[PDB]
Each structure stands twice: as structure tokens, then as C-alpha cells.
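First, one chain by itself: the form deposited in one PDB entry, in C-alpha cells.
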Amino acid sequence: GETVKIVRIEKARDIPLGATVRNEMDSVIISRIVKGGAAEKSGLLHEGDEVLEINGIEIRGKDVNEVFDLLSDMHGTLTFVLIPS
């Protein structure tokens, strides 16, 4: 029951993404969606989503702090490639 989805989210310049992530082996999984952030506002990211790509950058195989680092420099439109829980 897995289907790859492409979702595009707008992240205003004074609004954090507000999503937390965890590693399950090489997989990167969304843990919490925080109220007030761009993720929550968009309604397009879900707890349990496995993140494959963000703006073309491969995400599988990366650790939690690497991912947060990458996100911190991404503004404007963010295109996620993911597998829903």
C-alpha cells in the first residue's frame, strides 16, 4: 500500500517549516507536525510520511541533523517527494 507522492509547499520567509523528523535505519520519517509552521498550514505533510527527496536532494540515507541543516536554507517553494504512512 505504498504510493510515491509529489507535494509542493509554500514557505513564507518568516515562517518555519515546523516538521520534526526521525531516522528508521536509512529512512527519514516525519514525526511531529507543529502548529503554526508551513507544514501544518499547507495540510500537505503528514506524521509518518517517509521523505525521499526535497527540491531534488536525496533524503534517504541522511541523518536527522543533516536534514534540518538542509531545510534551514530552503525558502520559497519546497517540493517534497514522499511515501505516506
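Shifts are known only where both forms have a C-alpha. Numbers for residues come from their place in the sequence shown, where the first is 1. Whichever C-alpha set is largest while still superposing within 1.5 Å between the two forms counts as the rigid core.
Could you check the entry and say whether 48 to 56 or 24 to 32 has the higher mean CA B-factor?
Looking at the record's C-alpha B-factors, the answer is 24 to 32.
With respect to C-alpha B-factor, does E66 fall in the lowest, middle or highest third of the chain as deposited?
Its C-alpha B-factor belongs to the middle third of this chain's values.
Taking the entry's C-alpha B-factors for this chain, is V81 in the lowest, middle or highest third?
For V81, the deposited C-alpha B-factor lands in the lowest third.
Give the position of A12 by CA B-factor within its chain, expressed as the lowest, middle or highest third.
For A12, whose C-alpha B-factor we compare with every modelled residue in the chain, the answer is the highest third.
Just so it is clear, the following notes concern the form deposited with a partner chain bound, a form of the same protein that is not shown.
Using a 4.5 angstroms cut-off on non-hydrogen atoms, would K11 count as touching the partner chain in the deposited bound form?
Result yes; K11 sits at the interface with the partner chain in the deposited bound form.
Using a 4.5 angstroms cut-off on non-hydrogen atoms, would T77 count as touching the partner chain in the deposited bound form?
It does not: once the partner chain is placed as it appears in the deposited bound form, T77 has no heavy atom within 4.5 Å of it.
Please run the contact check for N55 against the partner chain in the deposited bound form: heavy atoms, 4.5 angstroms, yes or no?
Flag for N55 set to no.
Can you tell me if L44 lies within 4.5 angstroms of the partner chain in the deposited bound form, counting non-hydrogen atoms only?
Contact with the partner chain, no.
Indicate whether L70 shows a C-alpha shift of 2 Å or more between this form and the one not shown, with the rigid core used for the fit.
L70 C-alpha, core-superposed: shift of less than 2 Å.
Enumerate, in order of sequence, every stretch of at least three consecutive residues present in both forms where each C-alpha is displaced by 2 angstroms or more between this form and the one not shown, superposition done on the rigid core.
Residues 11 to 16 form the sole shifted run.
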